[PDB]
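Visitor: Can you keep this structure in mind? I'll have questions shortly.
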Amino acid sequence: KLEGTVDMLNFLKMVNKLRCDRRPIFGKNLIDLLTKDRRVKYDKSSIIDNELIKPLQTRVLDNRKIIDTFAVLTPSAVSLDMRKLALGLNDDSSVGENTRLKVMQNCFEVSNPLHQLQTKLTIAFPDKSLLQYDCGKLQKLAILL
Amino acid sequence: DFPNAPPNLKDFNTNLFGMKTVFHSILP
Amino acid sequence: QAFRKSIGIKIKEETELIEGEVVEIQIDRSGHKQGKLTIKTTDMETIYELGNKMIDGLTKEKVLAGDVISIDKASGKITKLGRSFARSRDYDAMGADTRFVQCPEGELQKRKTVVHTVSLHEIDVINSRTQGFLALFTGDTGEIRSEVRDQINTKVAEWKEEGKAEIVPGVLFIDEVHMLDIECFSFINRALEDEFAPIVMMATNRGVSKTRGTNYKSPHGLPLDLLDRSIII
Amino acid sequence: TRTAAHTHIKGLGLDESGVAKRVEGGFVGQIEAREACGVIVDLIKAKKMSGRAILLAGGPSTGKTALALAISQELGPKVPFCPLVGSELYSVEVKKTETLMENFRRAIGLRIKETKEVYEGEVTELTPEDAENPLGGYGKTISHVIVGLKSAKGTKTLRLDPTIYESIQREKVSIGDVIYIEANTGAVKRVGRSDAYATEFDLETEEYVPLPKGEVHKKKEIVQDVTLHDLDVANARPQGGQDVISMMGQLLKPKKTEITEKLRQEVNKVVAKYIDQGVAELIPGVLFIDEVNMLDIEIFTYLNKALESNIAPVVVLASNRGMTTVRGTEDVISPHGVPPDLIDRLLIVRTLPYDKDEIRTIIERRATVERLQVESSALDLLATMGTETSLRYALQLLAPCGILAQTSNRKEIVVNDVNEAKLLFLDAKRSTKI
Amino acid sequence: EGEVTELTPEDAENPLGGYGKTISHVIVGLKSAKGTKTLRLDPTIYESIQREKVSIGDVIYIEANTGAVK
Ligand SMILES: Nc1ncnc2c1ncn2[C@@H]1O[C@H](COP(=O)(O)OP(=O)(O)O)[C@@H](O)[C@H]1O
Ligand SMILES: [Mg+2]
């Protein structure tokens, strides 16, 4: 028993030494120091830049009408299993079960603003204008009225 | 409150603005 | 990128830390919670009172007794350095996170400043994207925006004016300069003249040969404008 | 402590309603070029024209680049100056035209002057004042929330729009915090615990900031300078966060992209709107493209089109070449490196060579810049060599002469050190001889 | 490495000892061709066991070098 515990203590010593030898090339403190935004605060931040600068997300959000109006085409052919097979999230993939479930949960919780484009390009659902347009006679009636 | 009743005064001011041990540890 | 690699920036960072082995933690919670904490070193012991945010950080780090931890009094961040040797016997197999370290010596609160040597190219890569420090090894950094480089020059000047950063210029050695093109030389003509340009040494073996990218022969394969600003050994 | 090739160029050195002094601002001679640069600088400051091109044409070392630097300094750092080399246009990620357009729009600048009224204080009183309900209902109503603020040599108590309650809730201000509150916006931010309560607890993660100085009500005018290229990059880039767009942006390295004309027109439109609102001012700026010979014929043709753009800066070009074929052409031998089509749209200015006295004056001023002392005979020998091989050759040989003099524990340069440097370092001509 | 025979997670001797679940060491029994051994494991190793979805009778494999459970 004493010989076994001596060997165990030696192995633990070596493992601890190897674990404490880990060092970074650049510390995260160094990363922050070289990345810190000088002394700029919100006290002197320009408010006008919130309207002058509009990211891609707010541009997608604000232009809803054009996206709704002009997204017309739909894919000619699709295969549903490729959606999950491409990412390796299928039940018989090489990705681990726990990691796969974690990725699925993160995807479920994440928010995407481009959903409207997806749903418009998925099914070419006609809108309430077609009842004006589907019947030429209704068109003539509209103009005459 | 819905039956046109005022709320508690301290609760009113708190909503306008917005002892025992639980964990002890020592090395043996 | 090669030119900026030849200039180094020696930047000083001042760090204030408290490190020691936590002896006892007692937390009382109803209202907000209050508690007292004791941290000892090899030659000191002190009882501290903990605020709500400090207690929240302690809980979110899941610190226990006998652990050596470091707290930055500026931000309150809590880092678990490791465990004491006395707790090593308690298990047969150890997790990756566990570490055995000795108890720090001296005063509980210490001030330390550290000097860092970082090249200008490294600073630009770090400050360009959100994960540039990986590109510092991968090399897939891309063409950094010029406005970024100007801002970095301004920042380095600001640090030097405040006296917290020092410039250590170096030597750029180009082997077989005749393998460059005429466009590269034309860029070098102006680029040699920047205030942050390093000292460039150039070694060539070809004599009167034809410059790459041109249709004429040259005394050493380099345009006369560049030789004008070059002394030949 | 550094000594770059142009540190002596402090300006063009002109006088009001006059001409260039013989020696001033580090320049010596080249009076005509300095006067032309001065009138060009005045035109740029006028800020009423677009697409004006000047070409600094002259032999090597003739002060072309020094003249561009002089123009930049005369306009000052407040005017956005965008130096660029003609070789820089040839990217690998995008076409040359994209790079040229990005630089063109980078040279134009915008200045925003905004004044804001702000109260900023540690928090003391916080008491809502009850008022009668217009709708009755026996409920408890408030018509203002009251806040008291303390500042060095200042304190006031404010009655605020009840809507502040929601801001105070979101910010979760507590008594004894230092807070920022905007006089017209109703917005609040907290930034601090006052240093006065840093002693109440031995440990606390939050940062305690010093209490604000001055009267609590402070009016500040903030001036910021931006460029159109910066605005386009900011608008063409995702915001950056936890959304999936930012995730795929993190995955794929951000390369340069051809910013579409729609985005540029949108940026121009919003800039025009905010300028009409009266908050912003436009600064054209100067784009200097050194070694204009390096540009290809396609780049020249896009310059031909881009100079006609309704919004463009003043482009300064330099060329040290004579009659050479324009790049991208096979048999077009044209003056300088500029193709004839672009020559029709630009203005040429000459830069004369230098005389012996001019070389001597330049050498002595440069030595003054390098914090060196030189004897008269050594100065004469240095000027003779500069007229013998090259001016820049002598200006570079200056420094090793200083080092050699320092090795002899001497604070002055002597002819022996000059000859020692001459023997050590060969010139271009002597190396060509070998 | 071996076949799991027992898995009896233990909590701290005092509820105030830890946070939340307050799960202490876990005891695992492994069987091999040459005998059996009862091991005392860190709660991190227990978390690895939970991640790998190990039940009684499953052959497992623990690396003391890193704390990785297969
Ligand atoms: N008129 C002048 N006054 C002062 N220094 C000059 C002048 N002309 C040239 N120089 C010197 O020579 C260099 C400028 O050369 P440059 O303008 O680049 O000519 P080129 O473009 O023909 O090479 C600078 O380093 C400067 O020290
Ligand atoms: Mg030049």
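Residue numbers start at 1 in each chain; chains themselves are named A, B, ... in the order of the structure tokens; ligands are numbered from 1 in the order shown.
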Output the neighbourhood of ligand 2 as an NGL selection string, that is, all protein and nucleic acid residues with some atom at most 9 Å from the ligand, counting only C-alpha atoms and all ligand atoms.

Guide: (:C and (189-190 or 225)) or (:D and (60-66 or 290-291 or 318-320))

Visitor: For the interface of chain D with ligand 1 (cut-off 10 Å, counting only C-alpha atoms and all ligand atoms), please tabulate each contacting residue of chain D alongside its nearest pair of atoms and their separation in Å to one decimal, rows sorted by chain and increasing number, as CSV.

Guide:
residue,atom,partner,partner_atom_place_in_ligand_line,distance
D:4,CA,ligand 1,25 (O),7.6
D:5,CA,ligand 1,25 (O),3.8
D:6,CA,ligand 1,25 (O),5.1
D:7,CA,ligand 1,27 (O),7.9
D:8,CA,ligand 1,4 (C),7.2
D:9,CA,ligand 1,4 (C),6.8
D:12,CA,ligand 1,1 (N),9.9
D:23,CA,ligand 1,3 (N),8.7
D:24,CA,ligand 1,3 (N),9.3
D:25,CA,ligand 1,3 (N),8.5
D:26,CA,ligand 1,4 (C),5.4
D:27,CA,ligand 1,3 (N),3.5
D:28,CA,ligand 1,3 (N),4.9
D:29,CA,ligand 1,1 (N),6.0
D:30,CA,ligand 1,1 (N),6.0
D:31,CA,ligand 1,1 (N),8.9
D:33,CA,ligand 1,1 (N),9.3
D:34,CA,ligand 1,1 (N),9.1
D:56,CA,ligand 1,21 (O),8.6
D:57,CA,ligand 1,22 (O),8.3
D:58,CA,ligand 1,22 (O),6.2
D:59,CA,ligand 1,22 (O),5.3
D:60,CA,ligand 1,22 (O),3.3
D:61,CA,ligand 1,19 (O),3.2
D:62,CA,ligand 1,22 (O),4.4
D:63,CA,ligand 1,17 (O),3.1
D:64,CA,ligand 1,17 (O),3.8
D:65,CA,ligand 1,17 (O),3.4
D:66,CA,ligand 1,17 (O),4.0
D:67,CA,ligand 1,17 (O),6.4
D:68,CA,ligand 1,17 (O),7.9
D:69,CA,ligand 1,17 (O),8.5
D:70,CA,ligand 1,3 (N),10.0
D:290,CA,ligand 1,21 (O),8.1
D:291,CA,ligand 1,21 (O),8.3
D:318,CA,ligand 1,21 (O),7.0
D:319,CA,ligand 1,21 (O),7.3
D:320,CA,ligand 1,22 (O),5.8
D:321,CA,ligand 1,22 (O),9.5
D:351,CA,ligand 1,22 (O),8.6
D:352,CA,ligand 1,1 (N),9.5
D:353,CA,ligand 1,8 (N),9.0
D:354,CA,ligand 1,1 (N),8.5
D:358,CA,ligand 1,1 (N),8.5
D:359,CA,ligand 1,7 (C),8.9
D:361,CA,ligand 1,4 (C),8.7
D:362,CA,ligand 1,4 (C),5.6
D:363,CA,ligand 1,5 (N),8.4
D:365,CA,ligand 1,4 (C),8.0
D:366,CA,ligand 1,27 (O),6.8
D:369,CA,ligand 1,27 (O),9.9
D:391,CA,ligand 1,12 (O),7.3
D:392,CA,ligand 1,12 (O),6.0
D:393,CA,ligand 1,12 (O),9.8
D:395,CA,ligand 1,27 (O),7.3
D:396,CA,ligand 1,25 (O),9.3

Visitor: Select all residues from chain A having any atom no more than 12 Å from an atom of chain C (counting only C-alpha atoms, ignoring ligands), output as a PyMOL selection string.

Guide: chain A and resi 4-6+8-9+11-22+24-40

Visitor: Since we have the selection now, will you write its residues out, keeping N, CA, C and O atoms, as a short mmCIF file (atom, residue, chain, number, x, y, z; two decimals), in the first residue's frame?

Guide:
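As a result, part26.cif now contains:
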data_model
loop_
_atom_site.label_atom_id
_atom_site.label_comp_id
_atom_site.auth_asym_id
_atom_site.auth_seq_id
_atom_site.Cartn_x
_atom_site.Cartn_y
_atom_site.Cartn_z
N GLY A 4 2.36 1.76 -3.40
CA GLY A 4 1.35 2.28 -4.31
C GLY A 4 1.09 3.75 -4.09
O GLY A 4 0.97 4.52 -5.05
N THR A 5 1.01 4.18 -2.82
CA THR A 5 0.74 5.58 -2.56
C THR A 5 1.93 6.46 -2.92
O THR A 5 1.74 7.60 -3.34
N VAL A 6 3.15 5.94 -2.79
CA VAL A 6 4.32 6.70 -3.24
C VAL A 6 4.26 6.92 -4.75
O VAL A 6 4.49 8.03 -5.25
N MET A 8 1.59 6.88 -6.62
CA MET A 8 0.48 7.79 -6.89
C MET A 8 0.87 9.23 -6.62
O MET A 8 0.52 10.13 -7.39
N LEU A 9 1.59 9.48 -5.52
CA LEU A 9 2.03 10.84 -5.22
C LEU A 9 3.00 11.35 -6.28
O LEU A 9 2.95 12.53 -6.65
N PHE A 11 3.03 10.46 -9.48
CA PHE A 11 2.24 10.75 -10.67
C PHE A 11 1.45 12.05 -10.50
O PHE A 11 1.36 12.86 -11.43
N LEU A 12 0.87 12.25 -9.31
CA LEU A 12 0.14 13.49 -9.05
C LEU A 12 1.06 14.70 -9.12
O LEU A 12 0.68 15.75 -9.65
N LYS A 13 2.27 14.58 -8.57
CA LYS A 13 3.24 15.67 -8.65
C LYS A 13 3.55 16.03 -10.10
O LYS A 13 3.55 17.21 -10.47
N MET A 14 3.81 15.02 -10.93
CA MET A 14 4.13 15.29 -12.32
C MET A 14 2.95 15.93 -13.05
O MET A 14 3.13 16.88 -13.83
N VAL A 15 1.74 15.42 -12.80
CA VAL A 15 0.56 15.98 -13.46
C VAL A 15 0.35 17.43 -13.04
O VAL A 15 0.04 18.29 -13.87
N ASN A 16 0.52 17.73 -11.75
CA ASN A 16 0.35 19.10 -11.27
C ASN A 16 1.39 20.02 -11.88
O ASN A 16 1.07 21.16 -12.26
N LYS A 17 2.64 19.56 -11.98
CA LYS A 17 3.66 20.39 -12.60
C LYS A 17 3.31 20.68 -14.05
O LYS A 17 3.43 21.83 -14.51
N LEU A 18 2.84 19.67 -14.79
CA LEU A 18 2.49 19.90 -16.18
C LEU A 18 1.28 20.82 -16.31
O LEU A 18 1.18 21.58 -17.28
N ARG A 19 0.36 20.76 -15.34
CA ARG A 19 -0.82 21.61 -15.41
C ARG A 19 -0.51 23.06 -15.05
O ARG A 19 -1.14 23.97 -15.59
N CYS A 20 0.46 23.29 -14.16
CA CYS A 20 0.80 24.66 -13.82
C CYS A 20 1.74 25.31 -14.83
O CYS A 20 1.89 26.53 -14.82
N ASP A 21 2.36 24.52 -15.70
CA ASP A 21 3.28 25.05 -16.70
C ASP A 21 2.56 25.74 -17.85
O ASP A 21 3.21 26.43 -18.64
N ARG A 22 1.24 25.59 -17.95
CA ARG A 22 0.48 26.22 -19.02
C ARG A 22 0.60 27.74 -18.93
O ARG A 22 0.39 28.33 -17.87
N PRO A 24 0.05 31.55 -21.47
CA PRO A 24 -0.42 32.14 -22.72
C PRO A 24 0.65 32.97 -23.41
O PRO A 24 1.55 33.54 -22.78
N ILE A 25 0.56 33.03 -24.74
CA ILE A 25 1.44 33.91 -25.50
C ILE A 25 1.15 35.36 -25.16
O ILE A 25 2.05 36.14 -24.83
N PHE A 26 -0.12 35.75 -25.23
CA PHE A 26 -0.59 37.06 -24.79
C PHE A 26 -1.70 36.85 -23.78
O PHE A 26 -2.71 36.21 -24.10
N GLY A 27 -1.53 37.38 -22.58
CA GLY A 27 -2.57 37.28 -21.58
C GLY A 27 -3.82 38.04 -21.98
O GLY A 27 -3.77 39.00 -22.74
N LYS A 28 -4.96 37.59 -21.45
CA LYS A 28 -6.21 38.30 -21.71
C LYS A 28 -6.16 39.72 -21.15
O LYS A 28 -6.85 40.61 -21.66
N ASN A 29 -5.36 39.94 -20.10
CA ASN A 29 -5.12 41.31 -19.65
C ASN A 29 -4.39 42.10 -20.73
O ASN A 29 -4.71 43.27 -20.98
N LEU A 30 -3.40 41.48 -21.38
CA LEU A 30 -2.72 42.14 -22.49
C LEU A 30 -3.67 42.39 -23.64
O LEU A 30 -3.62 43.44 -24.29
N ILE A 31 -4.54 41.41 -23.93
CA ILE A 31 -5.50 41.59 -25.01
C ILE A 31 -6.41 42.77 -24.72
O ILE A 31 -6.67 43.61 -25.59
N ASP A 32 -6.90 42.87 -23.48
CA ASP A 32 -7.75 44.00 -23.11
C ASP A 32 -6.98 45.31 -23.19
O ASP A 32 -7.51 46.31 -23.68
N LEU A 33 -5.73 45.32 -22.73
CA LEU A 33 -4.95 46.55 -22.72
C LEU A 33 -4.71 47.06 -24.14
O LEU A 33 -4.84 48.26 -24.41
N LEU A 34 -4.36 46.16 -25.05
CA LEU A 34 -4.15 46.55 -26.44
C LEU A 34 -5.46 46.78 -27.17
O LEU A 34 -5.46 47.42 -28.23
N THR A 35 -6.57 46.29 -26.63
CA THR A 35 -7.89 46.43 -27.24
C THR A 35 -8.74 47.50 -26.58
O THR A 35 -9.73 47.94 -27.18
N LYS A 36 -8.39 47.94 -25.37
CA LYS A 36 -9.21 48.91 -24.65
C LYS A 36 -9.37 50.19 -25.46
O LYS A 36 -8.41 50.69 -26.06
N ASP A 37 -10.59 50.72 -25.46
CA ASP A 37 -10.92 51.87 -26.30
C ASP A 37 -10.46 53.18 -25.68
O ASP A 37 -11.26 54.11 -25.53
N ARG A 38 -9.17 53.27 -25.36
CA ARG A 38 -8.54 54.48 -24.80
C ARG A 38 -9.35 54.93 -23.59
O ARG A 38 -9.64 54.10 -22.71
N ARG A 39 -9.74 56.20 -23.49
CA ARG A 39 -10.54 56.71 -22.39
C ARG A 39 -11.92 57.17 -22.86
O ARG A 39 -12.53 58.06 -22.25
N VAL A 40 -12.42 56.59 -23.94
CA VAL A 40 -13.70 57.01 -24.51
C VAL A 40 -14.83 56.39 -23.70
O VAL A 40 -14.85 55.18 -23.46
#

Visitor: I need the chain E residues near chain B as a list in words; criterion: at most 12 Å, counting only C-alpha atoms.

Guide: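 Result: residues 12, 13, 14, 15, 16, 17, 18, 19, 20 and 22 of chain E.
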
Visitor: Could you tell me which of A:70, A:42, A:133, A:125 comes closest to chain D if we count only C-alpha atoms?

Guide: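 Closest to chain D of all the choices is A:42.
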
Visitor: For chain E, which residues have at least one atom within 6 Å of chain C, if we go by only C-alpha atoms? Write them as a ChimeraX atom specification, please.

Guide: /E:40-41,44,64,66-67

Visitor: Take the selection from the previous step and output its residues with C-alpha atoms, as a PDB file, in the first residue's frame.

Guide:
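Dumped everything to out12.pdb:
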ATOM      1  CA  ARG E  40     -13.292   8.027  -4.935  1.00  0.00           C
ATOM      2  CA  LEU E  41     -13.866  10.643  -7.630  1.00  0.00           C
ATOM      3  CA  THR E  44     -16.093  17.065 -11.964  1.00  0.00           C
ATOM      4  CA  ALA E  64      -6.446  10.582 -14.415  1.00  0.00           C
ATOM      5  CA  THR E  66      -6.999  14.970 -17.728  1.00  0.00           C
ATOM      6  CA  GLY E  67     -10.163  13.760 -16.002  1.00  0.00           C
TER       7      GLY E  67
END

Visitor: Hey, what's within 8 Å of segment 37-53 of chain C if we count only C-alpha atoms and toss same-chain stuff fewer than 6 positions away? As a list in words, please?

Guide: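 Neighbouring residues, sequence-local ones excluded: residues 20, 21, 22, 23, 24, 25, 26, 103, 104, 105, 106, 107 and 108 of chain C; 201, 202, 203, 204, 205 and 206 of chain D.
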
Visitor: Those same residues, written as a PDB file, in the first residue's frame with C-alpha atoms?

Guide:
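Output saved as result_3.pdb:
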ATOM      1  CA  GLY C  20      -4.374  34.599  -0.485  1.00  0.00           C
ATOM      2  CA  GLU C  21      -5.887  31.390   0.804  1.00  0.00           C
ATOM      3  CA  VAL C  22      -9.463  31.835   2.012  1.00  0.00           C
ATOM      4  CA  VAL C  23      -9.812  30.535   5.562  1.00  0.00           C
ATOM      5  CA  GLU C  24     -13.517  30.923   6.354  1.00  0.00           C
ATOM      6  CA  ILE C  25     -16.571  32.240   4.511  1.00  0.00           C
ATOM      7  CA  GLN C  26     -19.854  32.971   6.300  1.00  0.00           C
ATOM      8  CA  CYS C 103       0.082  29.800  -0.214  1.00  0.00           C
ATOM      9  CA  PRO C 104       1.353  33.224  -1.355  1.00  0.00           C
ATOM     10  CA  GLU C 105       3.807  35.026   0.906  1.00  0.00           C
ATOM     11  CA  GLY C 106       4.061  38.633   2.048  1.00  0.00           C
ATOM     12  CA  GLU C 107       1.383  41.284   2.339  1.00  0.00           C
ATOM     13  CA  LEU C 108      -2.163  40.432   1.286  1.00  0.00           C
TER      14      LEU C 108
ATOM     15  CA  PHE D 201     -17.537  48.160   2.813  1.00  0.00           C
ATOM     16  CA  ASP D 202     -14.011  46.766   2.787  1.00  0.00           C
ATOM     17  CA  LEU D 203     -14.613  44.850  -0.461  1.00  0.00           C
ATOM     18  CA  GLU D 204     -16.823  45.738  -3.421  1.00  0.00           C
ATOM     19  CA  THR D 205     -16.395  44.826  -7.082  1.00  0.00           C
ATOM     20  CA  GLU D 206     -17.902  48.024  -8.484  1.00  0.00           C
TER      21      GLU D 206
END

Visitor: Go through C:17, C:232, C:68, C:115 and flag the residue nearest chain D, using only C-alpha atoms for the distances.

Guide: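 Distance minimum relative to chain D lands on C:232.
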
Visitor: Got a sec to tell me which of segment 26-197 of chain C DSSP assigns to alpha helix (DSSP H), as a count of residues only?

Guide: 53

Visitor: Near chain B, which residues of chain D fall within 9 Å when you count only C-alpha atoms, and what do they look like as a ChimeraX atom specification?

Guide: /D:126-128,136-140,165-166,168-170,172-173

Visitor: Let's have the selection written as a PDB file, in the first residue's frame, with N, CA and C atoms.

Guide:
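Full text of result.pdb as output:
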ATOM      1  N   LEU D 126     -34.853  61.159  -2.981  1.00  0.00           N
ATOM      2  CA  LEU D 126     -35.616  60.523  -4.063  1.00  0.00           C
ATOM      3  C   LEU D 126     -37.058  60.279  -3.605  1.00  0.00           C
ATOM      4  N   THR D 127     -37.944  61.229  -3.923  1.00  0.00           N
ATOM      5  CA  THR D 127     -39.246  61.352  -3.268  1.00  0.00           C
ATOM      6  C   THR D 127     -40.336  61.755  -4.256  1.00  0.00           C
ATOM      7  N   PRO D 128     -41.293  60.877  -4.546  1.00  0.00           N
ATOM      8  CA  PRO D 128     -42.396  61.257  -5.434  1.00  0.00           C
ATOM      9  C   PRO D 128     -43.464  62.057  -4.703  1.00  0.00           C
ATOM     10  N   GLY D 136     -59.812  59.962 -10.694  1.00  0.00           N
ATOM     11  CA  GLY D 136     -60.226  59.445  -9.398  1.00  0.00           C
ATOM     12  C   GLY D 136     -59.809  58.000  -9.207  1.00  0.00           C
ATOM     13  N   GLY D 137     -60.744  57.181  -8.731  1.00  0.00           N
ATOM     14  CA  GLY D 137     -60.482  55.772  -8.525  1.00  0.00           C
ATOM     15  C   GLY D 137     -59.770  55.427  -7.238  1.00  0.00           C
ATOM     16  N   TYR D 138     -59.543  56.405  -6.359  1.00  0.00           N
ATOM     17  CA  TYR D 138     -58.921  56.206  -5.050  1.00  0.00           C
ATOM     18  C   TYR D 138     -57.490  55.687  -5.152  1.00  0.00           C
ATOM     19  N   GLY D 139     -56.869  55.798  -6.327  1.00  0.00           N
ATOM     20  CA  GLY D 139     -55.498  55.366  -6.477  1.00  0.00           C
ATOM     21  C   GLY D 139     -54.497  56.428  -6.061  1.00  0.00           C
ATOM     22  N   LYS D 140     -53.264  55.982  -5.837  1.00  0.00           N
ATOM     23  CA  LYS D 140     -52.171  56.871  -5.463  1.00  0.00           C
ATOM     24  C   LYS D 140     -51.443  57.317  -6.725  1.00  0.00           C
ATOM     25  N   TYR D 165     -39.308  57.456 -13.819  1.00  0.00           N
ATOM     26  CA  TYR D 165     -39.405  56.252 -12.992  1.00  0.00           C
ATOM     27  C   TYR D 165     -38.936  55.030 -13.770  1.00  0.00           C
ATOM     28  N   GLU D 166     -39.342  54.924 -15.037  1.00  0.00           N
ATOM     29  CA  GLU D 166     -39.008  53.740 -15.816  1.00  0.00           C
ATOM     30  C   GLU D 166     -37.520  53.724 -16.122  1.00  0.00           C
ATOM     31  N   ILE D 168     -35.259  55.158 -14.184  1.00  0.00           N
ATOM     32  CA  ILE D 168     -34.616  54.861 -12.906  1.00  0.00           C
ATOM     33  C   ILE D 168     -34.719  53.375 -12.587  1.00  0.00           C
ATOM     34  N   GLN D 169     -35.869  52.766 -12.884  1.00  0.00           N
ATOM     35  CA  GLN D 169     -36.000  51.319 -12.744  1.00  0.00           C
ATOM     36  C   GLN D 169     -34.980  50.580 -13.602  1.00  0.00           C
ATOM     37  N   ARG D 170     -34.888  50.936 -14.885  1.00  0.00           N
ATOM     38  CA  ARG D 170     -33.979  50.231 -15.786  1.00  0.00           C
ATOM     39  C   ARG D 170     -32.534  50.392 -15.334  1.00  0.00           C
ATOM     40  N   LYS D 172     -31.590  51.165 -12.343  1.00  0.00           N
ATOM     41  CA  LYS D 172     -31.515  50.720 -10.945  1.00  0.00           C
ATOM     42  C   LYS D 172     -30.543  51.604 -10.163  1.00  0.00           C
ATOM     43  N   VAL D 173     -30.730  52.916 -10.324  1.00  0.00           N
ATOM     44  CA  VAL D 173     -30.083  53.888  -9.454  1.00  0.00           C
ATOM     45  C   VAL D 173     -30.475  53.639  -8.006  1.00  0.00           C
TER      46      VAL D 173
END

Visitor: Compile the contact shell of residue 114 of chain A as an MDAnalysis selection string: residues with an atom at most 10 Å away, counting only C-alpha atoms, same-chain residues fewer than 6 positions apart removed.

Guide: (chainID A and resid 57 60:61) or (chainID D and resid 244:245)

Visitor: Using only C-alpha atoms and a distance of at most 9 Å, pull out the residues of chain D that contact chain A, as an NGL selection string.

Guide: :D and (112 or 114 or 180 or 222-224 or 231-232 or 234-240 or 242-245 or 267 or 270-271 or 274)

Visitor: Export N, CA and C atoms of the chosen residues as a compact mmCIF listing (two decimals), in the first residue's frame?

Guide:
# COMPACT_ATOMS: atom_id res chain seq x y z
N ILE D 112 -19.34 67.33 -36.97
CA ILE D 112 -20.62 67.42 -36.28
C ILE D 112 -20.41 68.20 -34.99
N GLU D 114 -22.40 69.41 -31.76
CA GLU D 114 -23.61 69.19 -30.98
C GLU D 114 -23.40 69.72 -29.57
N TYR D 180 -25.92 60.09 -14.76
CA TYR D 180 -25.88 60.96 -15.93
C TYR D 180 -27.29 61.05 -16.47
N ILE D 222 -19.68 69.10 -28.11
CA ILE D 222 -18.83 68.00 -28.54
C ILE D 222 -18.66 68.08 -30.05
N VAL D 223 -17.41 68.07 -30.51
CA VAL D 223 -17.08 68.11 -31.93
C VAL D 223 -16.41 66.79 -32.30
N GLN D 224 -16.91 66.16 -33.37
CA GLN D 224 -16.36 64.91 -33.86
C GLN D 224 -16.12 65.00 -35.36
N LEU D 231 -18.17 55.81 -42.38
CA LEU D 231 -19.61 55.64 -42.29
C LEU D 231 -20.07 54.45 -43.12
N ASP D 232 -19.54 54.31 -44.33
CA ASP D 232 -19.93 53.20 -45.19
C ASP D 232 -19.54 51.87 -44.57
N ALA D 234 -19.15 51.23 -41.41
CA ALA D 234 -20.02 50.99 -40.27
C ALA D 234 -21.40 50.52 -40.71
N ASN D 235 -21.93 51.09 -41.79
CA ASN D 235 -23.25 50.71 -42.27
C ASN D 235 -23.23 49.40 -43.04
N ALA D 236 -22.11 49.04 -43.67
CA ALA D 236 -22.03 47.81 -44.44
C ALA D 236 -21.68 46.60 -43.59
N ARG D 237 -21.46 46.79 -42.29
CA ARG D 237 -21.02 45.75 -41.38
C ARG D 237 -22.14 45.41 -40.40
N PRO D 238 -22.29 44.14 -40.02
CA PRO D 238 -23.30 43.79 -39.02
C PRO D 238 -22.98 44.44 -37.68
N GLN D 239 -24.03 44.61 -36.87
CA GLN D 239 -23.87 45.31 -35.60
C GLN D 239 -22.88 44.59 -34.69
N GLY D 240 -22.97 43.27 -34.61
CA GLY D 240 -22.09 42.51 -33.75
C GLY D 240 -22.73 42.18 -32.42
N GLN D 242 -25.14 38.62 -30.30
CA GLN D 242 -25.48 37.22 -30.16
C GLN D 242 -26.36 36.70 -31.28
N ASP D 243 -26.82 37.57 -32.18
CA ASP D 243 -27.66 37.12 -33.27
C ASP D 243 -26.85 36.30 -34.28
N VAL D 244 -27.56 35.53 -35.10
CA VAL D 244 -26.91 34.53 -35.93
C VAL D 244 -26.10 35.19 -37.04
N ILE D 245 -26.53 36.38 -37.49
CA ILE D 245 -25.78 37.11 -38.50
C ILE D 245 -24.37 37.39 -38.01
N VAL D 267 -26.12 56.75 -47.73
CA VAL D 267 -25.25 57.51 -46.83
C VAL D 267 -25.23 58.97 -47.23
N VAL D 270 -28.58 60.59 -46.11
CA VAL D 270 -28.71 60.85 -44.68
C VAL D 270 -27.76 61.97 -44.26
N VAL D 271 -26.57 62.01 -44.85
CA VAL D 271 -25.64 63.10 -44.56
C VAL D 271 -26.24 64.43 -44.99
N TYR D 274 -28.94 65.47 -42.45
CA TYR D 274 -28.44 66.00 -41.19
C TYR D 274 -27.69 67.31 -41.37

Visitor: Can you list, as a ChimeraX atom specification, every protein, DNA or RNA residue that comes within 8 Å of residue 121 of chain D when you count only C-alpha atoms, leaving out same-chain residues fewer than 2 positions away?

Guide: /D:119,123,149-151,178-180,211-212,216

Visitor: Identify which of the residues D:48, D:397, D:407, D:276 lies closest to residue 423 of chain D, counting only C-alpha atoms when measuring atom-to-atom distances.

Guide: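 Of all the options, D:397 lies closest to residue 423 of chain D.
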
Visitor: May I have the residues within 10 Å of residue 36 of chain E as a list in words, using only C-alpha atoms and disregarding those fewer than 3 positions away in the same chain?

Guide: residues 2, 3, 4, 5, 29, 30, 31, 32, 33 and 39 of chain E
